[PDB]
Protein chains: 2
Amino acid sequence: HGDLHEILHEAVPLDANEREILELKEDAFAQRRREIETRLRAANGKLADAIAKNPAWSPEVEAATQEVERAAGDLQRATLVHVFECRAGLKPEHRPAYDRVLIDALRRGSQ
Amino acid sequence: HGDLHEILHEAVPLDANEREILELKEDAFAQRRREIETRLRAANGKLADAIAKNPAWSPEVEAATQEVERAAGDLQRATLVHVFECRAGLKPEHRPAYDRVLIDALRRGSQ
Ligand code: NI
Ligand code: NI
């Protein structure tokens with residue numbers, strides 16, 4: 001359950017050019033992450049509400065679980081695409097440490 | 001990212017009869033959880049390995065993400081079914097506190 005994005009930002013320094021050329025992509029990702037997180041929080045609330053009314057694996061509960069999964073999946077994908085687009089801006093020599101952090105975090109289940 | 005099952009076990013005391021009549025279900029769920037967790041760890045490793053070879057949203061990476069999602073989803077469902085089967089063994093008077101803990105944890109995204 002680690003925060004893959006935060007892990008990478010904290011663990012892998014960028015050089016001056018790298019920081020500058022990725023600023024716009026970081027801003028766009030922050031906005032996209034917030035939008036999807038709003039959907040995920042709402043979906044979690046709908047699952048909670050469904051179960052509050054009848055705790056059972058019912059059609060309502062099943063559909064609410066799918067909405068949670070879709071929002072979490074959209075966030076996971078958007079996060080990976082952003083990780084990959086950052087990698088493209090890195091100098092080639094700087095990719096091995098970025099990759100190490102990425103791969104290790106994925107292996108532990110971070111998203 | 002809270003552990004829904006652990007939250008419920010720690011926060012909601014059971015009476016003597018409740019504890020006794022749920023022991024077999026707890027054992028079965030522990031075994032099922034471990035089996036699915038083994039699959040999830042393996043799937044996380046395969047996603048890490050795929051990205052190690054080419055960090056890109058490629059067919060291999062996409063398929064590995066789906067395997068992670070399927071294992072996580074199987075675990076989420078098995079966990080909820082077990083939560084519901086425990087609820088059935090509770091005395092009716094004991095369900096409101098169980099439900100409170102369940103609903104609050106779901107609202108925060110625990111699974
Ligand atoms: Ni970033
Ligand atoms: Ni249990």
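Order of the sequence lines sets the chain letters (A, B, ...), proteins ahead of strands, with each chain counted from 1. Values below: every heavy atom of this structure, side chains too, minus hydrogens, waters and symmetry copies.
Of the inter-residue distances, the one linking A:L40 atom CG with A:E67 atom CD reads 11.0 Å to the nearest 0.5 angstrom. A distance of 11.5 Å separates CD1 in A:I21 from CD in A:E26, rounded to the nearest 0.5 Å. Atom CD of B:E18 and atom CG of B:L14 lie 5.5 Å apart (nearest 0.5 Å). To the nearest 0.5 Å, atoms CD1 (B:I51) and CZ (A:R87) are separated by 10.5 Å. A:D99 contributes atom CG, which lies 9.5 Å from atom CG of B:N54 (distance to the nearest 0.5 angstrom). A distance of 5.0 Å separates NZ in B:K91 from CG in B:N17, rounded to the nearest 0.5 Å.
When the ring-ring contact (aromatic ring centres under 6.0 Å, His included) test is applied to B:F84, no partner is found at least two apart in sequence or on another chain. For B:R77, the side-chain hydrogen bond (donor to acceptor under 3.5 Å, both in side chains) partners two or more places apart in sequence, or in a different chain, are B:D74. In this structure B:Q66 satisfies the side-chain hydrogen bond (donor to acceptor under 3.5 Å, both in side chains) test with no other residue, sequence neighbours excluded. For A:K25, the salt bridge (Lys or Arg N to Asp or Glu O under 4.0 Å) criterion is met by no residue, not counting sequence neighbours. Under the side-chain contact (heavy atoms from CB on, under 4.5 Å) criterion, A:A48 pairs with B:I103, B:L106, B:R107, not counting sequence neighbours. Take B:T38 and apply the side-chain hydrogen bond (donor to acceptor under 3.5 Å, both in side chains) test, not counting sequence neighbours, and it matches B:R41. For B:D27, there are no salt bridge (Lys or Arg N to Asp or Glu O under 4.0 Å) partners, not counting sequence neighbours. A search for salt bridge (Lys or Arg N to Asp or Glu O under 4.0 Å) contacts involving B:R100 returns nothing, not counting sequence neighbours. Applying the salt bridge (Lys or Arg N to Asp or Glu O under 4.0 Å) criterion to B:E10, with sequence neighbours excluded, gives no partner residue. Residues satisfying the side-chain hydrogen bond (donor to acceptor under 3.5 Å, both in side chains) criterion with A:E37, sequence neighbours excluded, are A:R33.
Side-chain atoms of B:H9 and B:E6, non-hydrogen and from C-beta on, never get closer than 4.5 Å to each other. With contacts defined as side-chain heavy-atom distances shorter than 4.5 Å, the pair A:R32/A:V81 does not qualify. Side-chain contact between A:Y98 and B:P55: absent, with no pair of heavy atoms (C-beta onward) separated by less than 4.5 Å. A:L80 places a side-chain heavy atom less than 4.5 Å from the side chain of A:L4.
Looking at every heavy atom in both residues, A:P13 comes nearest to A:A11 through CD-O, 3.6 Å. Across all their heavy atoms, B:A56 and B:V61 have their closest contact at O-CG2, 3.3 Å. Closest of all the heavy-atom pairs between A:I7 and A:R108 is CD1-NH2, 4.1 Å. Across B:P92 and B:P96, no two heavy atoms sit closer than the pair O-CD, 3.3 Å.
A salt bridge (charged side-chain N to carboxylate O under 4.0 Å, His left out) check over residues 52-65 of chain A, counting only residues at least two apart or in different chains, returns the pairs A:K53-A:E60. Residue pairs satisfying the ring-ring contact (aromatic ring centres under 6.0 Å, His included) criterion with at least one member in residues 35-83 of chain A, sequence neighbours excluded, are listed as follows: A:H5-A:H82, A:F29-A:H82.
Without hydrogens or angle criteria, B:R95 side chain to B:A88 main chain gives a donor-acceptor distance under 3.5 Å.
Between B:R19 and B:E23 there is a salt bridge, since at least one side-chain N of the basic residue sits less than 4.0 Å from a carboxylate O of the acidic one.
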